[PDB]
Structures are given as structure tokens and as C-alpha cells.
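Got a structure for you, written out below as C-alpha cells; questions coming shortly.
Every residue, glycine as well, gets a Cβ built from its backbone with ideal geometry; the counts of neighbours run over all protein chains shown. Values quoted throughout were computed directly from the atomic coordinates according to the rules given, and no laboratory measurement underlies them.
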Number of protein chains: 2
Amino acid sequence: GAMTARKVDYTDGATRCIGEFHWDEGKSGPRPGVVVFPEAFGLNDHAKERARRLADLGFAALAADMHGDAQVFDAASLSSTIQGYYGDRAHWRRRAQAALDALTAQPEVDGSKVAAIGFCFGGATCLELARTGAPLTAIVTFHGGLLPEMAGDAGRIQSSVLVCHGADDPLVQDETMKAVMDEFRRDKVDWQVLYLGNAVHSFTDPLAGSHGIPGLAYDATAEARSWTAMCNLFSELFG
Amino acid sequence: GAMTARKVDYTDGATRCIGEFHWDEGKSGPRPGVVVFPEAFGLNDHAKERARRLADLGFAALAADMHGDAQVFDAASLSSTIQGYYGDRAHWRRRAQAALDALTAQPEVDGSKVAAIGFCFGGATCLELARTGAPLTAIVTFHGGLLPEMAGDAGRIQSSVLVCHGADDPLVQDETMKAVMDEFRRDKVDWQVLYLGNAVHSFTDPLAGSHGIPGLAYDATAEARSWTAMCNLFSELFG
Ligand SMILES: [Cl-]
Ligand SMILES: [Mg+2]
Ligand SMILES: [Mg+2]
């Protein structure tokens with residue numbers, strides 16, 4: 001019947017992280033692995049549920065702890081450490097790589113077949129990680145607040161890229177989306193961008209409206225369609 | 001085993017059209033109907049194959065004859081017909097509606113569950129037809145050279161809209177895509193736009209390169225992914 005989950009301790013320098021690894025015990029042997037990067041709030045029920053859903057699709061999934069000590073922040077207390085990441089992208093990248101290493105350390109994971117998904121800040125985190133040249137098959141971002149690349153990033157992405165974007169999301173500027181697409185074009189990345197009408201930021205979270213942060217709202221249609229697009233990409237590229 | 005096809009005679013004023021209707025004889029009773037609008041060349045093997053593939057998915061599909069007398073043009077001989085449509089959008093719309101009426105006339109079609117897909121000019125045709133307020137559940141455009149709306153079109157689309165766009169297609173301007181998306185936003189249409197990286201115009205046709213028209217090339221990845229997105233939307237909205 002049910003999927004199983006277990007805590008995974010890992011480190012990034014002096015920071016101790018506690019992720020949660022989801023897999024189907026009913027399935028035997030190595031299988032594709034997915035890192036799930038949460039929203040800025042941190043490792044929360046939303047991210048863990050997405051990892052569970054991935055285990056139910058036949059994957060081994062690690063819900064990542066970016067902040068360390070499984071810390072969760074509310075809207076008020078958040079800028080430390082989110083600005084920490086934007087102001088030091090090398091540090092941000094190492095923290096993401098630590099999660100990918102923790103995934104690949106699990107014996108249920110086929111290390112040759114790994115991907116990453118992420119939500120909001122976690123979506124941005126997927127793209128940062130891909131830009132290091134990590135050996136990812138695919139990344140999928142969900143309402144990710146993507147950044148333009150750093151000098152030296154050109155040509156490094158090895159993964160397929162699917163960006164699922166809320167078409168009315170006020171937190172992501174048109175100019176940024178165009179710049180990122182132009183990077184993908186330049187490098188001939190295997191890329192897609194799916195614009196989801198009537199969707200804003202955090203469209204995948206039924207609690208999106210609970211934070212009192214403007215520009216965040218749930219849209220079940222966008223959640224379903226983006227998840228299906230992700231599922232299709234993984235089925236195409238794995239197995 | 002195999003799907004079946006039959007010719008369907010219909011008229012738009014003085015113009016006699018000969019479409020081709022595809023269905024599974026193994027399936028009994030009314031089923032969702034799809035009009036397939038071809039590229040500018042006219043009713044050809046490419047369009048008929050897509051109608052066949054739709055019949056294999058459980059739909060009743062009419063490959064439309066826009067030009068009349070099942071006429072096909074090559075790249076050289078094409079403009080007199082095509083400029084005819086762009087210079088008289090009301091006429092273009094009536095010609096499209098005649099195909100939709102011919103579909104709905106077939107006893108295998110559930111008239112309450114109809115959609116339209118189109119390729120290139122046929123994609124543009126789907127959007128023109130939806131702008132009349134036709135009772136379509138969904139339209140899906142594949143490398144469609146979409147036009148901005150006519151004065152008086154606002155609020156009229158009742159269908160879901162999925163636009164599958166080749167991200168490097170030189171025949172469709174960024175400004176046009178942005179304008180169309182802004183119409184969808186304004187009216188709160190149930191819309192998506194899927195940008196397919198590395199794809200140009202006519203990405204769904206393995207013969208795209210055979211016409212000697214610059215900007216046209218096949219991309220099997222884009223063909224597959226756009227077809228899957230279409231199939232998903234139909235499964236979501238029908239049944
Ligand atoms: Cl669903
Ligand atoms: Mg490459
Ligand atoms: Mg509406």
C-alpha cells in the first residue's frame with residue numbers, strides 16, 4: 001500500500017541538514033532519484049507531500065533541507081536567510097549540491113538517473129544547481145523566481161529544463177523570463193516554458209493565500225497541469 | 001484493429017468542401033469530436049494522419065478542407081488563397097465554422113463535446129473560430145501564426161486554449177505572442193502557452209524542410225511533447 005519516508009542527515013560545511021527521503025518499499029532495486037527543493041519557508045508539509053507523490057510514481061525522492069536543522073520560517077522572519085542565498089550564489093549552490101549528494105547516497109537511487117524539482121525559491125535553486133553542470137537528467141521549476149545566470153555559467157546546464165510559470169505572477173518580471181529563455185536558446189538546452197493562465201505565485205500550494213503575502217494564490221488547474229507536464233517529462237527521459 | 005475514414009461533402013456559400021472524417025468503428029455511440037485544420041498548403045497527408053491519430057485516441061475527427069474542392073497548393077502558388085483569408089477574417093471564420101458544422105453533423109459526434117486543433121494557418125484558424133464564440137471545449141494550436149484579435153472579439157472565446165509554440169520560430173513575432181496572451185489575461189480565458197525550445201515553424205511535420213521555405217523544420221521532440229499536452233487537455237476536459 002503506502003509510501004514510506006525516513007530522515008536523512010547530511011552536511012554542507014558546518015551546517016547540518018535533515019532531509020526526508022520518500023520511496024516505495026513495494027518496489028525493489030535502484031530507481032530514478034528526485035531532489036525536491038521547498039519554498040523559502042523551508043522544509044514543510046507541502047514539500048514532503050510532493051516527495052510522497054513522487055515515490056508513488058516510482059521515484060526515490062528527497063525533500064531537501066536548505067536552511068539547516070530542518071528550520072522553517074514564516075513570512076515575517078524570512079529575509080535572513082533568503083538574501084543570504086541571493087547575495088552569495090556560490091554558497092546557495094553548495095547547499096543545493098549537498099541535497100543532491102544526500103539523494104545519490106541512498107541505495108535505492110540510480111545515480112545516473114537523477115532530477116530536481118522545486119517550488120518558488122526551490123525552483124530558483126534547481127536552476128542554480130543545474131548551472132553548476134551537475135549531472136541532472138531534468139529540472140522542473142514550479143512558480144520559480146528565477147535569476148539571470150552568473151558570468152561563467154554559459155554552456156553548463158546538462159539537464160532538460162521545464163519551467164512551469166504562473167502567467168500573472170507579479171513577483172517574476174517579463175525581462176527576467178526573456179533573459180533566461182535567451183540563455184537556454186544560446187546554449188541549445190533541451191528546454192520548455194509552460195505559461196499557465198490565471199495563475200500567480202505559489203500556485204501549487206492550497207495554503208498560498210494563508211501567508212498574507214501579496215501575489216500568492218493557489219490554482220488547482222495550474223497545479224494539476226504543471227504536475228502532469230513534470231510527470232510526462234520524467235517518463236520520457238527515464239526508463 | 002484499424003481506424004476508418006470517409007469523405008464528407010459540405011459547403012460554405014458557393015464553395016464546396018470535401019473533408020475527411022476519421023473514427024473507430026470498434027467504438028459505438030457518440031464521442032467527442034475534433035476538427036483538424038491543416039497548414040496553408042491545404043488538406044494533405046499530414047492533416048489526415050493527425051485525424052487518424054485522434055480517432056485512435058477515441059475521438060471522431062474531421063480533417064477540414066478550408067480551400068474547397070480538396071485543393072492543395074505548393075509554396076509557390078499559395079498567397080492568393082491565404083491573403084484572401086487575412087484580408088477578410090469574417091470570410092475566414094465562416095469557412096472554419098462550415099468545417100465545425102460538418103463535424104457536428106456526423107452521428108458519431110457528441111455535439112456538446114467538440115474541439116479544434118490546427119497547424120500553422122490551421123492554428124490561426126482555430127483562434128479565429130474561437131473568437132466567434134463558437135461552443136468549443138478546447139482549441140490547440142501547433143506552430144500557429146496567430147493574429148491579434150479584431151475589434152469586437154473581446155470576451156467571446158468560450159474554449160480552453162493551448163498554444164504550442166516553437167520558441168525559435170522566426171515567422172511569429174514576440175509582440176504578437178505577448179498581445180494574444182494579454183487578450184487571454186484580460187478575458188480570463190482558460191489558457192496555456194507552451195514554448196518548445198529548439199523548435200521553429202512547422203515543427204510537427206517530418207517534411208517541414210521539403211518546401212524550401214526558410215524558418216520551417218521538423219522537431220520530433222516538440223511534435224511529441226505538444227501532442228501529449230493536447231491529449232492531456234482533452235482527457236482533462238472530456239469525459
Ligand atoms: Cl490531477
Ligand atoms: Mg546541451
Ligand atoms: Mg471564460
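Could you tell me whether B:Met3 is without any contact (Cβ under 8 Å) to a residue 60 or more places away in the chain and surrounded by 20 or more Cβ atoms within 10 Å (Cβ to Cβ)?
It is false that B:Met3 is without any contact (Cβ under 8 Å) to a residue 60 or more places away in the chain and surrounded by 20 or more Cβ atoms within 10 Å (Cβ to Cβ).
(1) closer than 24 Å to A:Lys178 by Cα; (2) of a type in the set (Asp, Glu); (3) buried (at least 18 other Cβ atoms within 10 Å of the Cβ): which one isn't true of B:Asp153, the others all being true?
Unmet for B:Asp153, out of (1) closer than 24 Å to A:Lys178 by Cα; (2) of a type in the set (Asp, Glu); (3) buried (at least 18 other Cβ atoms within 10 Å of the Cβ): (1).
May I pose another question? Look through the range A:219-239, keep the residues that are more than 20 Å from B:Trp227 (Cβ to Cβ) and within 18 Å of the chain's Cα centre (by Cα), and return whichever of them is farthest from ligand 1 (Cβ to nearest atom). Outline the logic, then answer.
First, pick out the residues of the range A:219-239 that are more than 20 Å from B:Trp227 (Cβ to Cβ): A:219-223.
Those still in the list that are within 18 Å of the chain's Cα centre (by Cα) too: A:222-223.
Values: A:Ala222: 11, A:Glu223: 8 Å.
Here the residue is A:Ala222.
Say we look at the range B:131-162 and pick out the residues that are within 14 Å of chain A (Cβ to nearest Cβ) and within 16 Å of ligand 3 (Cβ to nearest atom); which of these is farthest from B:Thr228 (Cα to Cα)?
B:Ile157
Still on this structure: I'm trying to understand the selection: among the residues of the range B:174-200, which are within 16 Å of ligand 2 (Cβ to nearest atom) and not polar (S, T, N, Q)? Walk me through how you get there before you give the answer.
Going residue by residue through the range B:174-200, those that are within 16 Å of ligand 2 (Cβ to nearest atom) are B:196-199.
Those that are within 16 Å of ligand 2 (Cβ to nearest atom) and not polar (S, T, N, Q): B:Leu196, B:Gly197, B:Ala199.
Does A:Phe142 satisfy the condition of being touching a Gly at 6+ places or on another chain (Cβ under 6 Å), at negative phi, surrounded by 17 or more Cβ atoms within 10 Å (Cβ to Cβ) and of a type in the set (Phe, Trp, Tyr)? Step through it out loud before you land on a result.
Working: touching a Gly at 6+ places or on another chain (Cβ under 6 Å): yes; at negative phi: yes; surrounded by 17 or more Cβ atoms within 10 Å (Cβ to Cβ): yes; of a type in the set (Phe, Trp, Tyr): yes.
Spelling it out, A:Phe142 is indeed touching a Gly at 6+ places or on another chain (Cβ under 6 Å), at negative phi, surrounded by 17 or more Cβ atoms within 10 Å (Cβ to Cβ) and of a type in the set (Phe, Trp, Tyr).
If we keep just the residues of the range A:164-199 that are in contact (Cβ under 8 Å) with a residue 40 or more places away in the chain, aliphatic (A, V, I, L, M) and within 12 Å of chain B (Cβ to nearest Cβ), which is surrounded by the most Cβ atoms within 10 Å (Cβ to Cβ)?
Looking at the filtered set, the residue picked out is A:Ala199.
Evaluate the following for A:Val72: is it under 24 Å from A:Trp191 (Cβ atoms) and of a type in the set (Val, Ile, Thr)?
Values: under 24 Å from A:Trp191 (Cβ atoms): no; of a type in the set (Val, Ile, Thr): yes.
No.
Would you mention how many residues in the range B:21-38 are over 15 Å from B:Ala63 (Cα atoms) and part of a strand (DSSP E or B)?
1
Now for a separate question. Looking at the range A:189-230 only, could you name the residues that are charged (D, E, K, R) and away from ligand 3 (no atom under 16 Å from the Cβ)?
Pass one, the range A:189-230, residues charged (D, E, K, R): A:190, A:205, A:219, A:223, A:225.
Answer for the range A:189-230, where residues must be charged (D, E, K, R) and away from ligand 3 (no atom under 16 Å from the Cβ): A:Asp190, A:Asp205, A:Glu223, A:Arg225.
I would also like to ask the following. Given A:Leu136, A:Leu103, A:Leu127, which one is within 16 Å of ligand 2 (Cβ to nearest atom) and touching a residue at least 40 places away in the same chain (Cβ under 8 Å)? Steps first, answer last, please.
On the way: A:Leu136 fails: touching a residue at least 40 places away in the same chain (Cβ under 8 Å); A:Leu103 fails: within 16 Å of ligand 2 (Cβ to nearest atom).
Just a single option satisfies the conditions, and that option is A:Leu127.
Condition first: surrounded by fewer than 13 Cβ atoms within 10 Å (Cβ to Cβ), among the aliphatic types (A, V, I, L, M) and closer than 16 Å to B:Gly19 by Cβ. Now tell me which residues in the range B:65-117 satisfy that.
Correct list: empty.
Taking B:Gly239 as the residue in question, decide whether it is in a loop (DSSP other than H, G, I, E, B), out of contact with any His (no Cβ under 6 Å at 6 or more places or on another chain) and loosely packed, with under 15 Cβ neighbours inside 10 Å.
On the way: in a loop (DSSP other than H, G, I, E, B): yes; out of contact with any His (no Cβ under 6 Å at 6 or more places or on another chain): yes; loosely packed, with under 15 Cβ neighbours inside 10 Å: yes.
Judged against the criteria, B:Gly239 is a match.
Considering only the range B:200-235, state which residues are within 18 Å of B:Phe37 (Cα to Cα), out of contact with any strand residue (DSSP E or B) (no Cβ under 8 Å at 6 or more places or on another chain) and either away from chain A (no Cβ under 14 Å) or part of a strand (DSSP E or B) (or both).
Passing the criteria: B:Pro206, B:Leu207.
While we're looking at this one, here's another question. Look through B:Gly42, B:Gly33, B:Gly29, B:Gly19 and report the one residue that is surrounded by fewer than 16 Cβ atoms within 10 Å (Cβ to Cβ) and of a type in the set (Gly, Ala, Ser). Don't jump to the end; show me each part of the working.
On the way: B:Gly42 fails: surrounded by fewer than 16 Cβ atoms within 10 Å (Cβ to Cβ); B:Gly33 fails: surrounded by fewer than 16 Cβ atoms within 10 Å (Cβ to Cβ); B:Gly19 fails: surrounded by fewer than 16 Cβ atoms within 10 Å (Cβ to Cβ).
Of the residues listed, the single one that is surrounded by fewer than 16 Cβ atoms within 10 Å (Cβ to Cβ) and of a type in the set (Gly, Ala, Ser) is B:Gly29.
On the basis of being under 18 Å from the mean Cα position of the chain (by Cα) and in contact (Cβ under 8 Å) with a residue 40 or more places away in the chain, does A:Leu147 make the cut?
So A:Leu147 passes the test.
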